[PDB]
Q: 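This is the structure I want to talk about, given as structure tokens.
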Amino acid sequence: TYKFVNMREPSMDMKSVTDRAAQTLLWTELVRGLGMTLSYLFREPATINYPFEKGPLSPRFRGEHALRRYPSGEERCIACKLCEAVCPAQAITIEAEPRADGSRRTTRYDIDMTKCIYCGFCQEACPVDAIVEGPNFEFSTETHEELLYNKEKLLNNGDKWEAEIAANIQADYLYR
Amino acid sequence: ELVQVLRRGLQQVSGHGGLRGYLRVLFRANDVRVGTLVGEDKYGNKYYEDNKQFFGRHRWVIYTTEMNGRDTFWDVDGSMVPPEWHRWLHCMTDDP
Amino acid sequence: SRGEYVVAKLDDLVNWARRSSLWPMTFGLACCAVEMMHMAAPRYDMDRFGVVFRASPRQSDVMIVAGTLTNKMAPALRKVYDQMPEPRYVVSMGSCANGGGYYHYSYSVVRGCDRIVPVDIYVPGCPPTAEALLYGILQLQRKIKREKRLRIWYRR
Amino acid sequence: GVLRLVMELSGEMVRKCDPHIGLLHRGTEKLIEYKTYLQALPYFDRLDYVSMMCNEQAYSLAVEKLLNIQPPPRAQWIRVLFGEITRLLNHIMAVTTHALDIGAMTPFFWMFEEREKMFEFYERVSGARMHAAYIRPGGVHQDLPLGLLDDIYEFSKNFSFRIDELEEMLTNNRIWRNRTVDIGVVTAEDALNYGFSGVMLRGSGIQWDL
Amino acid sequence: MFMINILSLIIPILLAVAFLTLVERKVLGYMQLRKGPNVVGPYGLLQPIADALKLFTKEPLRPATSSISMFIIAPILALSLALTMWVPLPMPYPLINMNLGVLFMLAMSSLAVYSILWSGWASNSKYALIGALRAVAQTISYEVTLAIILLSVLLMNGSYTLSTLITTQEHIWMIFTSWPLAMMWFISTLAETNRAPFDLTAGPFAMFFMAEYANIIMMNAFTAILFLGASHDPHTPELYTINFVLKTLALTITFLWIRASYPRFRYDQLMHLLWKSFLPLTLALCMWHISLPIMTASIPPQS
Amino acid sequence: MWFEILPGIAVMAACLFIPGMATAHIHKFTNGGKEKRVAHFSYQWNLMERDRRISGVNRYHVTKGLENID
Amino acid sequence: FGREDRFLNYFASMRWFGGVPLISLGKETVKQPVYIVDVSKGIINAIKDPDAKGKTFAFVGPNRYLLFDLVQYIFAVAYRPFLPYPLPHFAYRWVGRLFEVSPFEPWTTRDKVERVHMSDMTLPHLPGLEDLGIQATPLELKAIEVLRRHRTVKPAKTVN
Amino acid sequence: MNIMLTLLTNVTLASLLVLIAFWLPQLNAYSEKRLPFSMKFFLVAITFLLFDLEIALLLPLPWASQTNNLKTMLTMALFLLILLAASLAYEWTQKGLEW
Ligand SMILES: CCCCCCCCCCCCCCCCC[C@@H](O)O[C@H](CO[C@H](O)CCCCCCCCCCCCCCC)COP(=O)(O)OCC[N+](C)(C)C
Ligand SMILES: CCCCCCCC/C=C\CCCCCCCC(=O)O[C@H](COC(=O)CCCCCCC/C=C/CCCCCCCC)COP(=O)(O)OCCN
Ligand code: SF4
Ligand code: SF4
Ligand code: SF4
């Protein structure tokens, strides 16, 4: 089924022509638009008082990256390199070796924040949930160099945001 | 009517600890609203809510004036909120 | 002495004047510009911070690069930067403008707008959220507040 | 966006109009050849960055047709619902930017408030405001959160008044009519030959909708 | 104490213009479901001061090839004319009591286009020259109908004295006697100052901006004096001053409203508007207003 | 809310109050507490010149009353 | 001399005072201008060159000019009318001293006027720029580059 | 005298404030780095000039209304306005107001 948007024919009787002439001469629709704007002024604005108020978010929100660890305190990452393989932008660089106790751990875990597209494929490819994309988004920088993260920066981010990250994962892990 | 809006304005002035606190909050946050104290932060941030405001303005934070090492009377920023209050303030949860 | 006090006060006044009214011209190169226009939307209201909406290049103060910079566009952006009055700043918005991003290994993309113009603030994300861009703009304000020109001229 | 336009004018009239494009050519098609299908999915969000999930849906349909599989019915219903939300977003963008360029500039804010609400829907369903990457070549990535349909219903029962306000501002204004009526008239045969589609066809009377 | 009077006329207008910008941004923002500047100062009250300081401390980009003479002269002429056109106005008592005050204002408004012409020609660019030519043509076109409407309205006043307009409207406003002329006058004043829907086109830029905004305020004040007569009591002119200021503020806010409410015309569309809708109606109503006092034996006194 | 526009507007009002009022006060102070005499038509100017001569203090505003008729 | 060089720019700047004052009409001073890129490349090559440890280099241009015709060429490229009037050496010093007063960087100083007037030395014993594998670029190639901005052919005669 | 003083004050204030605006940012050191001749725009100016001349003729109307010969002055004013309308109509019908 289809509709016509502009298939009306104006009436040509004297009253209709006089109405259209009154519209032309007295600017009635212009006054209607003015009235719409005037009414729209007297309503409450939609502005929030940033940074004292914040926009709504979701537990699924993808922000700054972080490396998590187990409750015992050992890092969850096992250097499987699945996040590196899935990364659509090749933003992850990983190097690994056996630890002094024989554990399978990374020696290098770099993510380029300036090549990252913040898609979240890395955190969903991770088997042990080692890497997550946390809720932080206010991490703007004055130089390009500080946006090149190494393993220490990501581990520090994890230790910094672990409470909120764990709460969000608890809220959302039944959808994954 | 008009008398009632003036009364609510006077109540807002009185609810901020007098005229000194009213001017303080007006010049620090550009807002003079009063809401129930939800919590106090270990760094000095205060968290308020008011469910009668529309979504987005129903929660707010009054920042501390001295965080780790700097004077933050004027130079406040959104990175000063700890992760738990960050989750509450961004409406990622209903539980402070 | 009073010589340092007067220049300090005048410097504070000048810094407050410059950071309390930042007039940006925006290169809406790609998808990052859409979040740009959401920072001017009623919810965030950039204009309430003294940041005017769509200033002209002849009287702009800060350059916001929002989107991918191709090789075909780089000379135009460089010319627009060169046509700005001296107290000028550049804000690199989004991953494409920061480091090439998701077209980093492309034959026709500048791997970061900082190969062309110096950058003051880097805003991460693809695209960075409106609030994130607002945070970056506010950060630029603090950076302008931290600068000191009359003091340097006095000690020199 | 960014456009270079070379034109020759005899007095006021535009004798010839020539658009020079390629100022946003990033070589997406060549970069897709170096990715997997899942890795290549996020490029389509970036193709038409006003209508993201529609591009996602087109790519997913192509990959599904090549794979000889079909998504579950709930995934298809979610796809169509978010495609209609995306259509609302894109049409708001188009109409408000058209008015802004002509000079109205008020409905731009009026309707970008609703656009912000729809980005809230996108973020709640995918975690990203405008480049969700939600529609995958096998369905969708995650299920809807338990309170999303109620909020979508609440939003959608108030949008008609916003459209009505936009029309109050535009449809009967004599300045807007004088700016738009009898401008860029294209015949049905010319539109069909030149490769037009969508409204550019349906504005000329062609009854065609995919 | 004439110097003090000149300064007390000249400084508050500039302050009014600076604050007008805040009001324009603030009024527009609330009309767009947002706010104006509300961070710099208690309610954006410090925004104009910060704007002025930043603009005055920003580098001036002299074209390095333009005629420095006209490049400097054009803002001087703009500011001088904008500040001079406030002298004739009576609020209730004028700074200078001219016999032909309205004619003097007409002459100044006629001069106002030289700044546009010189700014365009000294810009050293073909496109800016074309834009300046378009602006000058629009300005002269609409000042034609401004002059005709103005003399038609003054036909009921009896003279060109601005003070007599207060005596004419002691019982009824002039808006009721002739509203169509007021409508066309309002539109012509919108088109003269290049205001929406007719807005087709560091230091010197601020100079031109203050000149334009002062011209806007002066045009609204003149319209309020001409068509909305305030009652003046000789023993307390403060009441007349308050009423006049309130009406002028209302008219300026109406300009802001119209800017916020409408799209913009094309150049040929406003040309056609004027030359084919306002001029014929203006001539017909000029004939009507010439003949009307003679038909009704209601000729104003002064001669 | 919308009344937050009122402060700046008020400032404008004050700025627009100053000129006219000022003129009136100056006209009261320079013209001896009365309205400034307007002179078109060259007859009012003659009246002002005659007033200036009669007073003896070379000021038109000073008014010689009947008491000066003897 | 270069694009952001004082020497080419300094001469061009004077046009503002109407006439150009040169001690002894600039007839008793010879100069040896060198391109900025040449000096930078010389520094780079000296960094690279291993045997230039304790050496001392003299970076000079290819052509020597009298001051008068050099300023004439500078004004000719800039398309500015050139008027040269002799000024007393003591008089020139007085102007520099007056200028030296400004808080902001001075247009000229007494040391600068005296320094400009003095002819450039000649040290053939010192190893030159050519020893660093660089061909000195004549001023005629870069005069247009430097002085195109000062506007709105017939190279000066050299002495060797 | 008073008008001369007022004009001098306005011009002097504008000039001084423009000069301070143009010289305050010049004390601090920085980097310090055609033919077509459209014919319709000429007709617009010529038409404006002619109509301005006819307005100059129309200007003495406020005083023309007290002459005791009201019929003659009314006839002449209406005649002038009729010829102004006729000029407008002639230029309209000859495609002189087109773009
Ligand atoms: C009459 C003669 C005029 C001569 C020329 C002068 C022009 C007028 C001068 C008056 C300008 C007013 C300046 C007042 C600015 C202070 C504003 C105050 O609020 O700033 C605070 C303090 O910041 C700065 O420290 C203020 C420094 C301003 C200068 C201090 C004194 C300068 C007076 C010297 C004037 C003498 C002029 C001499 C030459 C003629 C913090 O604000 P800010 O951080 O931004 O915003 C934070 C946003 N938050 C709160 C939402 C998070
Ligand atoms: C019994 C004796 C009576 C004697 C007879 C008198 C009767 C009077 C009847 C007629 C009077 C009406 C004249 C008023 C002016 C009409 C001019 C007009 O209509 O022109 C319009 C143009 O009008 C406009 O478009 C102007 C719009 C500009 C935007 C301004 C917004 C309008 C709202 C602002 C409020 C106005 C406030 C007016 C009062 C101001 C007080 C100072 C025609 O253009 P189009 O419709 O496009 O058609 C042309 C193609 N054939
Ligand atoms: S979010 Fe996407 S682009 Fe960023 S590191 Fe993870 S997989 Fe790579
Ligand atoms: S997918 Fe997880 S465990 Fe594997 S390398 Fe990446 S972060 Fe480590
Ligand atoms: S940075 Fe991301 S969101 Fe911005 S234009 Fe590039 S791909 Fe799009």
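Numbered from 1 within each chain, the chains take letters A, B, ... in sequence-line order.
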Q: D/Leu100 versus chain C, heavy atoms under 4.5 Å apart: side chain, backbone, both or neither?
A: side chain

Q: Is D/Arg79 paired with D/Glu64 through a side-chain N to carboxylate O contact shorter than 4.0 Å?
A: yes

Q: So which residue, C/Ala41, C/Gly67, C/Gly125, C/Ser106, ends up with the most heavy-atom pairs under 4.5 Å with chain D?
A: C/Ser106

Q: If I measure from the heavy atoms of chain C, does D/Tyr43 come under 4.5 Å with its side chain, its backbone, both, or neither?
A: both

Q: Hey, are the side chains of D/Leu144 and D/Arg74 touching, using non-hydrogen atoms and a 4.5 Å cut-off?
A: yes

Q: Under 4.5 Å heavy-atom distance to chain C, tell me which part of D/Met93 shows up: side chain, backbone, both or neither.
A: side chain

Q: Return the orientation label for the D/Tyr37 and D/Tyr59 ring planes: parallel under 30°, perpendicular over 60°, tilted otherwise.
A: parallel

Q: Can you tell me which portion of C/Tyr107 sits under 4.5 Å from chain D's heavy atoms? Options are side chain, backbone, both or neither.
A: side chain

Q: Given that the side chain runs from C-beta out, which part of C/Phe27 has a heavy atom under 4.5 Å from chain D: side chain, backbone, both or neither?
A: neither

Q: Quick check against the 3.5 Å criterion: does C/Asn15 have a side-chain atom that pairs as donor or acceptor with the backbone of C/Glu147?
A: yes

Q: Who wins among D/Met130, D/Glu123, D/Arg129 for the most heavy-atom pairs under 4.5 Å with chain C?
A: D/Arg129

Q: Kindly indicate whether a cation-pi arrangement holds for D/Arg46 with D/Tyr49, taking the cut-offs as under 6.0 Å to the six-membered ring centre and within 45° of the axis.
A: no

Q: Tell me whether C/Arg18 is salt-bridged to C/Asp61, with the criterion being a basic N under 4.0 Å from an acidic carboxylate O.
A: no

Q: Tell me, side chain or backbone of C/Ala30 under 4.5 Å from chain D's heavy atoms, or both, or neither?
A: both

Q: Side chain, backbone, both or neither: which part of C/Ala130 has an atom under 4.5 Å from a heavy atom of chain D?
A: both

Q: Any donor and acceptor pair, going by atom type alone, linking the side chain of C/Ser20 with main-chain N or O of C/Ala17 inside 3.5 Å?
A: no

Q: Heavy-atom pairs under 4.5 Å with chain D: which of C/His38, C/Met73, C/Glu35 has the most?
A: C/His38

Q: Output yes when a side-chain donor or acceptor of D/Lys117 lies under 3.5 Å from a complementary backbone atom of D/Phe155, and no otherwise.
A: no

Q: Would you mind checking if D/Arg162 and D/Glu165 are paired as a salt bridge, meaning a charged N to carboxylate O distance below 4.0 Å?
A: yes

Q: Under a 4.5 Å heavy-atom cut-off, does chain D meet the side chain of C/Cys126, its backbone, both or neither?
A: both

Q: Looking at C/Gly28, C/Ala40, C/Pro42, C/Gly100, which makes the most heavy-atom pairs under 4.5 Å with chain D?
A: C/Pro42

Q: Is it the backbone or the side chain of D/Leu31 that comes under 4.5 Å from a heavy atom of chain C, or both, or neither?
A: side chain

Q: Does any heavy atom of chain C fall under 4.5 Å from the side chain of D/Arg4, the backbone, both, or neither of them?
A: neither

Q: Need one label for D/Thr96: side chain, backbone, both or neither, based on atoms under 4.5 Å from any heavy atom in chain C.
A: neither

Q: Salt-bridged, C/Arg155 to C/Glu4, with N to O below 4.0 Å?
A: yes

